[PDB]
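Colleague:
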Amino acid sequence: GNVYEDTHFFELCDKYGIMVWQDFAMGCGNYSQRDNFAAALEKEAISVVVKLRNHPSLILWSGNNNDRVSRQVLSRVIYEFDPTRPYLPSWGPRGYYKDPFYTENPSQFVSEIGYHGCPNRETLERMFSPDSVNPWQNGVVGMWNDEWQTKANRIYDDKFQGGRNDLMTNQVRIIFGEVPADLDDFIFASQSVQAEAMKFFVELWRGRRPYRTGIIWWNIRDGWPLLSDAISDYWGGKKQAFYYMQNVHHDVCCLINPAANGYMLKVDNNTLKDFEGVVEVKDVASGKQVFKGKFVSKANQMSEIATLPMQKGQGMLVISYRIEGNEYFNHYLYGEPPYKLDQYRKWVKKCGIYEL
Amino acid sequence: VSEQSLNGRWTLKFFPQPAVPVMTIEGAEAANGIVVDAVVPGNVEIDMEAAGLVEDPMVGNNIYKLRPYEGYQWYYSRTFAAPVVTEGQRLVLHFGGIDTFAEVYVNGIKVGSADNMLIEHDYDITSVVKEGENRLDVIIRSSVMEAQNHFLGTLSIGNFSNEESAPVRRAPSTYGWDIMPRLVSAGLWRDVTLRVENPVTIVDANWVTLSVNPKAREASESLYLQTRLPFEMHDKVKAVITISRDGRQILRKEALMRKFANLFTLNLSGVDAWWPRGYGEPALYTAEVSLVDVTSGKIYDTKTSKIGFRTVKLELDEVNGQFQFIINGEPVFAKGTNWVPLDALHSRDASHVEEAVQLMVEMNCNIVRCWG
Numbered sequence: 400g401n402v403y404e405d406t407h408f409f410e411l412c413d414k415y416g417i418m419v420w421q422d423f424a425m426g427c428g429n430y431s432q433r434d435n436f437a438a439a440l441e442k443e444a445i446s447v448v449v450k451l452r453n454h455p456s457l458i459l460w461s462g463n464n484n485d486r487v488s489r490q491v492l493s494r495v496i497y498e499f500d501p502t503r504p505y506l507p508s532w533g534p535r536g537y538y539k540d541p542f543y544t545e546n547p548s549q550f551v552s553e554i555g556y557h558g559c560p561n562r563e564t565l566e567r568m569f570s571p572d573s574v575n576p577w578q579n580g581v582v583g584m585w586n587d588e589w590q591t592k593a594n595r596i597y598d599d600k601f602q603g604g605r606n607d608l609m610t611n612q613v614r615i616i617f618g619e620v621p622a623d624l625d626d627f628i629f630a631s632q633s634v635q636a637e638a639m640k641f642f643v644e645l646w647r648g649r650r651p652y653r654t655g656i657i658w659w660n661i662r663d664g665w666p667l668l669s670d671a672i673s674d675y676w677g678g679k680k681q682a683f684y685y686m687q688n689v690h691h692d693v694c695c696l697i698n699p700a701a702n703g704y705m706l707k708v709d710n711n712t713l714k715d716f717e718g719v720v721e722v723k724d725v726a727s728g729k730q731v732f733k734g735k736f737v738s739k740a741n742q743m744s745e746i747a748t749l750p751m752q753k754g755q756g757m758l759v760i761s762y763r764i765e766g767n768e769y770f771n772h773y774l775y776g777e778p779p780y781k782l783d784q785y786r787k788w789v790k791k792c793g794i795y796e797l
Numbered sequence: 023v024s025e026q027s028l029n030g031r032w033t034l035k036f037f038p039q040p041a042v043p044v045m046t047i048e049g050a051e052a053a054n055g056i057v058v059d060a061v062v063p064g065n066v067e068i069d070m071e072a073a074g075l076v077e078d079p080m081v082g083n084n085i086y087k088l089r090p091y092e093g094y095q096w097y098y099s100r101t102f103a104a105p106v107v108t109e110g111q112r113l114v115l116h117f118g119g120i121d122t123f124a125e126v127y128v129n130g131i132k133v134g135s136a137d138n139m140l141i142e143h144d145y146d147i148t149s150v151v152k153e154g155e156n157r158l159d160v161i162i163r164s165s166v167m168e169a170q171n172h173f174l175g176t177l178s179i180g181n182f183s184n185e186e187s188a189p190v191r192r193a194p195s196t197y198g199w200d201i202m203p204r205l206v207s208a209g210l211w212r213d214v215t216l217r218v219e220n221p222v223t224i225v226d227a228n229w230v231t232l233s234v235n236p237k238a239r240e241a242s243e244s245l246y247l248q249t250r251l252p253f254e255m256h257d258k259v260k261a262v263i264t265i266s267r268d269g270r271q272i273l274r275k276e277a278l279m280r281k282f283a284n285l286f287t288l289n290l291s292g293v294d295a296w297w298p299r300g301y302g303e304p305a306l307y308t309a310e311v312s313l314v315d316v317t318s319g320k321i322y323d324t325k326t327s328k329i330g331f332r333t334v335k336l337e338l339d340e341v342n348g349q350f351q352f353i354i355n356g357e358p359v360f361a362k363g364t365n366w367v368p369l370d371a372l373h374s375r376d377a378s379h380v381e382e383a384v385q386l387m388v389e390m391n392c393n394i395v396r397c398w399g
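Sequences listed follow chains A and C, in order.
Heads up: the first sequence runs through residues 400 to 464, 484 to 508, 532 to 797, numbered per PDB author numbering.
Heads up: the second sequence runs through residues 23 to 342, 348 to 399, numbered per PDB author numbering.
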């Protein structure tokens with residue numbers, strides 16, 4: 400859906416070693432099957448391929464779409499002007538992130554998966570008018586005012602209630618039971634459900650290797666002052682999901698995954714090196730210790746450490762692991778929804794990983 | 023009805039091709055260059071060697087001295103007499119081989135733009151021809167510089183073939199190979215004639231052998247005949263099909279032309295099958311088609327060619348060169364030579380065909396793969 404980024408984008412992706420998966424400029428939908436359109440697209444494909452075929456970051460060309487454009491016009495441009503990179507011719534209910542729609546998705550490589558999270562307060566106060574910073578129209582929760590409905594985003598001023606913004610209040614009502622009326626409590630509630638969900642998915646893919654091969658979440662940054670499922674807004678505002686996912690994106694990361702009769706402390710290595718260290722798992726509320734042992738993470742594979750026993754009720758475990766004298770942190774939220782917003786806010790503050 | 027040969031003495035003016043390629047007669051005549059006598063059919067290097075301008079490319083390292091001429095233009099020019107053209111007839115200017123990118127002018131009027139050296143080029147100059155001295159000018163440009171008018175792909179760079187041979191339609195060997203030197207050359211390397219065609223004429227006579235029984239001496243031959251026929255001449259022209267051999271006549275069938283295109287099937291008898299060398303005899307039969315007026319008996323056009331009653335099938339096995352040729356229903360063993368260029372100066376290929384084919388006759392070749 401975006402234009403083709405210029406060279407610098409790819410120069411920076413070369414300097415910092417970020418592989419690029421470029422999708423041809425076509426969006427959800429089928430396109431024409433006739434000559435005059437295929438000629439305009441072939442001219443575009445040859446132009447962009449010749450321009451972006453010398454960057455070591457780019458690794459794949461893909462057509463987002484018996485389509486003549488997806489399985490012919492572009493396959494022919496790649497076949498003649500870039501035989502080095504592969505070409506690929508090729532959310533759901535958006536409910537609870539532990540629903541079988543996500544935990545039982547057989548996709549080894551998911552390319553689009555996200556969760557809603559309200560932006561920071563400073564972003565809200567700069568976006569909306571002073572009389573529209575509060576989301577609740579006429580003071581009743583769930584009902585969004587017209588400015589909030591506008592920046593969900595609605596393309597046309599068809600004034601109505603509900604829709605895309607309802608995902609925020611629905612997901613908060615699932616995890617925390619009831620949507621808070623206070624705006625600062627709503628921001629902390631939405632960003633926490635977004636953070637706990639996006640962190641749960643990356644941990645669910647890194648922890649199920651070698652079957653799971655990759656996960657591309659949606660997304661990292663917004664392109665307008667808007668209310669999205671991104672983890673950071675246009676203006677600099679790192680929603681709380683940006684910090685939760687930093688600790689589950691390390692080269693060597695210890696993380697706990699759910700299990701039937703208990704839990705599973707795992708470690709994932711996204712390098713070609715071996716690392717040793719110690720990992721200590723405690724309970725934030727009570728303070729007791731659940732596990733403490735030395736783990737060995739071999740190169741480029743998930744390694745199972747120990748089987749943690751079942752924990753009673755609801756709470757949060759803390760994952761602290763040291764590698765080469767450097768302490769890294771993570772956590773795991775055990776139990777089943779709903780929860781209490783005040784109890785979750787206290788668990789976070791004790792773990793001391795993430796500020797509030 | 024008439025075919026006047028324009029072969030012979032021409033006027034060749036060559037000059038270095040400037041930044042902007044010369045396209046019109048005015049630019050070629052105003053350009054500074056050298057003018058010598060040329061022979062058509064013939065290569066430009068033959069016409070320069072006949073003037074003492076270049077040394078023999080066949081001896082020593084002199085082949086490298088023809089390098090600067092690859093970026094030269096070539097201006098053929100002559101005058102011809104205009105044959106009389108009755109109502110409905112057409113005057114066709116037939117080039118047998120233009121090497122390669124050239125602009126053809128007749129009396130200063132552009133009649134065609136040739137861009138291929140491997141096929142013939144026909145131009146109807148019925149309207150532009152006048153009475154008296156009819157000027158004919160062919161202005162060829164460099165084939166090497168023409169390769170820069172394209173953007174090649176990755177899989178088209180670095181192969182055995184020259185990268186200049188990819189965008190153009192020429193012989194790849196003329197640029198360099200393992201058994202042929204680099205002599206790109208230029209010029210009318212084949213016959214140039216002036217054909218006159220009647221309103222009723224045969225456009226193409228395609229012969230196809232359907233069935234062959236080499237034992238009972240039988241064969242079924244189909245003729246896909248396409249003719250140009252004014253509607254006033256419909257129901258007034260007949261097609262005369264004659265199959266003969268060694269003077270004796272085997273079949274003669276007439277049919278009234280009700281359409282411009284027809285399919286005539288012939289269940290011939292007493293004919294022999296065309297077998298490859300060794301597995302039988304190369305039985306050829308002279309096949310002739312003529313369009314004759316049903317009242318006055320006048321012959322409008324005639325196409326004569328020798329055909330051979332044979333069927334070919336390639337049985338390929340793939341995983342399970349894993350194929351076998353089948354001729355007339357029998358598996359044959361192929362043993363022969365690959366045919367390579369008979370001359371880097373391809374206009375002299377005609378003089379070597381008779382001698383080189385006899386080399387395969389003395390070799391007892393039953394197959395020959397003309398190299399791409």
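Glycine included, each C-beta is placed from N, C-alpha and C at the ideal position.
Taking the beta carbon of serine 761 of chain A as the centre, do at least 16 other beta carbons fall within 10 Å, making it buried, or is it exposed?
Modeller: Buried, since its Cβ has 16 or more Cβ neighbours within 10 Å.
Colleague: Specify the secondary structure class of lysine 714 of chain A as computed by DSSP and reduced to three states.
Modeller: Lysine 714 of chain A: coil per DSSP, three-state reduction.
Colleague: Check the Cβ-Cβ distances between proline 455 of chain A and every residue of chain C, and say whether any is below 8 Å.
Modeller: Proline 455 of chain A does not count as touching chain C.
Colleague: I need the boundaries of the alpha helix (DSSP H) containing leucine 608 of chain A, first residue and last residue.
Modeller: First-last of the alpha helix (DSSP H) with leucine 608 of chain A: 607 to 616.
Colleague: Measuring only from the beta carbon, is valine 166 of chain C closer than 7 Å to any heavy atom that is part of the ligand ATP?
Modeller: As far as ligands go, the structure on display features none, and thus does not contain the ligand ATP.
Colleague: Would you call the stretch 565 to 572 of chain A and the stretch 613 to 621 of chain A in contact, with 3 or more CB pairs under 8 Å?
Modeller: Not touching, per the Cβ criterion.
Colleague: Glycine 175 of chain C touches chain A at which residues, Cβ-Cβ below 8 Å?
Modeller: Those within 8 Å of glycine 175 of chain C in chain A are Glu498, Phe499.
Colleague: Could you name the residues that DSSP lists as bridge partners for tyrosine 97 of chain C?
Modeller: In DSSP, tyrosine 97 of chain C forms a bridge with C:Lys35, C:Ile161.
Colleague: Compute the beta-carbon to beta-carbon distance between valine 725 of chain A and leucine 758 of chain A, rounded to the nearest angstrom, for a pair I have assumed lies under 8 Å.
Modeller: Indeed, because the Cβ distance is near 7 Å, the residues count as touching under 8 Å.
Colleague: Please confirm whether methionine 757 of chain A has its beta-carbon closer than 8 Å to some beta-carbon of chain D.
Modeller: Looking at the structure shown, chain D is missing, and the protein chains on hand are A and C.
Colleague: Can you tell me the Cα-Cα spacing of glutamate 777 of chain A and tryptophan 577 of chain A, whole angstroms?
Modeller: Taking the straight line from one Cα to the other gives about 28 Å.
Colleague: Does the stretch 259 to 278 of chain C touch the stretch 293 to 313 of chain C, meaning 3 or more C-beta pairs lie closer than 8 Å?
Modeller: Touching, yes.
Colleague: Could you name the residues of the same chain whose beta carbon sits closer than 7 Å to that of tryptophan 676 of chain A, not counting the 5 residues immediately before and after it, in chain order?
Modeller: Same-chain partners within the cutoff: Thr564, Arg567, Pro666.
Colleague: Which complete beta strand (DSSP E) runs does the stretch 186 to 267 of chain C hold, if anything under 3 residues is left out?
Modeller: 214 to 219, 223 to 235, 240 to 250, 259 to 267, all fully within the stretch 186 to 267 of chain C.
Colleague: Below 8 Å between beta carbons: does that hold for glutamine 95 of chain C and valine 42 of chain C?
Modeller: Cβ atoms of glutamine 95 of chain C and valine 42 of chain C: not closer than 8 Å.
Colleague: Measuring only the C-alpha atoms, how far is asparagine 702 of chain A from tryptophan 420 of chain A?
Modeller: Roughly 39 Å between the two C-alpha positions.
Colleague: In this structure, does DSSP put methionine 70 of chain C in helix, strand or coil?
Modeller: Helix.
Colleague: Are the stretch 357 to 376 of chain C and the stretch 199 to 209 of chain C in contact at 8 Å, needing three or more beta carbon pairs?
Modeller: A contact exists between the stretch 357 to 376 of chain C and the stretch 199 to 209 of chain C.
Colleague: Pick from A:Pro504, A:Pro750, A:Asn464, A:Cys412: whose alpha carbon is nearest that of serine 456 of chain A?
Modeller: Looking at the Cα atoms, A:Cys412 is the closest of the given residues.
Colleague: Do you know whose CA, among A:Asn611, A:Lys790, A:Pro560, A:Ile656, lies nearest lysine 679 of chain A's CA?
Modeller: Of A:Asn611, A:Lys790, A:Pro560, A:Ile656, the residue nearest in Cα terms is A:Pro560.
Colleague: Should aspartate 257 of chain C be labelled buried (16 or more other beta-carbon atoms within 10 Å of its own) or exposed?
Modeller: Exposed: under 16 other Cβ atoms inside 10 Å.
Colleague: Rounded to whole angstroms, what's the CA-CA distance from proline 699 of chain A to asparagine 594 of chain A? Just pull it up for me.
Modeller: In a straight line, the C-alpha of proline 699 of chain A is about 35 Å away from that of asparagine 594 of chain A.
Colleague: With burial defined as no fewer than 16 other Cβ atoms inside 10 Å of the residue's Cβ, what is the status of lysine 320 of chain C: buried or exposed?
Modeller: With fewer than 16 other Cβ atoms within 10 Å, it is exposed.
Colleague: For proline 298 of chain C, count neighbouring C-beta atoms within 10 Å of its own C-beta (all shown protein chains included) and say buried if the count is 16 or more, exposed if not.
Modeller: Buried is the call here.
Colleague: Between A:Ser493, A:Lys450, A:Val449, which has its C-alpha nearest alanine 437 of chain A's C-alpha?
Modeller: Among A:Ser493, A:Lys450, A:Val449, the Cα nearest to that of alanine 437 of chain A belongs to A:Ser493.
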